[PDB]
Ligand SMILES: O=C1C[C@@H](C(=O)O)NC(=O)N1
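A single chain comes next, written as structure tokens; it is the form deposited without the named molecule.
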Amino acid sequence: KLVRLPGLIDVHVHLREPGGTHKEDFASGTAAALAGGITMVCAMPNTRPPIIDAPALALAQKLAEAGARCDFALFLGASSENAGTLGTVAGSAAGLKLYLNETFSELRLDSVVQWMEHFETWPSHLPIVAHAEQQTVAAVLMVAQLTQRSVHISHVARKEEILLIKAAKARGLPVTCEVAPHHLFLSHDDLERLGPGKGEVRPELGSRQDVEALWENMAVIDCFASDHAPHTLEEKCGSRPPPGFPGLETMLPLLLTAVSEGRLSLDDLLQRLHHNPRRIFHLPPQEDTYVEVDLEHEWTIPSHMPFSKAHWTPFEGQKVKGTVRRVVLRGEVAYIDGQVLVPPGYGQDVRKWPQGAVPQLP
């Protein structure tokens, strides 16, 4: 007996095209998404070149329209030079992303005043997402309050962070957040196995106490999202390993395992991978779209999943219960039992759908 789920949404993926296509591209990353039961993804802007101006966005849109196998929206990225310049293209993006901790030169903001400038100039009705760790979460919350608008905090990883967000919500502040599977299912205890290279991720893996705090505060978590951040094994195992884990193909099986163990309900899962992503990012429904999963199938995660070009996984050896059997996307079979059956280019930019525009006052 299969369970039918709606089309799941991952609001935080790095698909590496343009500029890092040995790590992943739109075609491989969206194949990974479909195999993980994900029918819509929001792609981050830290590509090469990064998506920080209209021409880069235009290029990315065409690459995605030509390569994506599932539907998508593309983020713009905040830079030290582009505040006040994105107004005409802002509505065509998933939202604006601010990289407030480590990142490359082009996306680095050197002052909180630059954060404020973005919050002041980006259209008030459109999403803003921050990569913000530890005290940076409090700092960007302050900027959001000074500018009287909302903010979404990516990949909350620590007890410190989830409790701060909990306190902000208790004061009625408009903040939402997401948690990634590696911060629910891996911890410091796994660093021995992973090693210092493969184990490199930002936010870093937390303590057992951090992991337990995220589970205990599930009510505070609005979304799950993978932070799919593919890098090859050569890169992860080399002299200056980049941070990040691939995660599209493993996210749903890990979470289904947790549902089977009664750690959260099926509804808790669907709020966090479907309804809340829709409502926070104003993402449209997908007609005739659904995912069929088998909740009884027990398997062990292998050394690499079939589709991501990362060709490794930090969850290797974990036992899971739950697997994606079939995905239907807009009336076409997109995935069955290990085979992707829609071509590159089948996917569409949801921000171009009439129902995918974010409502605003005239």
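Sequential numbering from 1, following the sequence displayed.
Only in words, not in the display: the form solved in complex with the named molecule, which the text now covers.
- This chain appears without its partner; in the bound PDB entry, the one residue of 129, 165, 94, 229 with a heavy atom within 4.5 Å of the named molecule is 229.
- 202 is the sole member of 193, 202, 263, 169 with a non-hydrogen atom within 4.5 Å of the named molecule in the bound PDB entry.
- Comparing 77-85, 141-149, 112-120, 194-202 against the named molecule in the bound PDB entry, the single stretch with non-hydrogen atoms within 4.5 angstroms of it is 194-202.
- Within 4.5 Å of the named molecule in the bound PDB entry, a heavy atom is found for all three of 16, 46 and 244.
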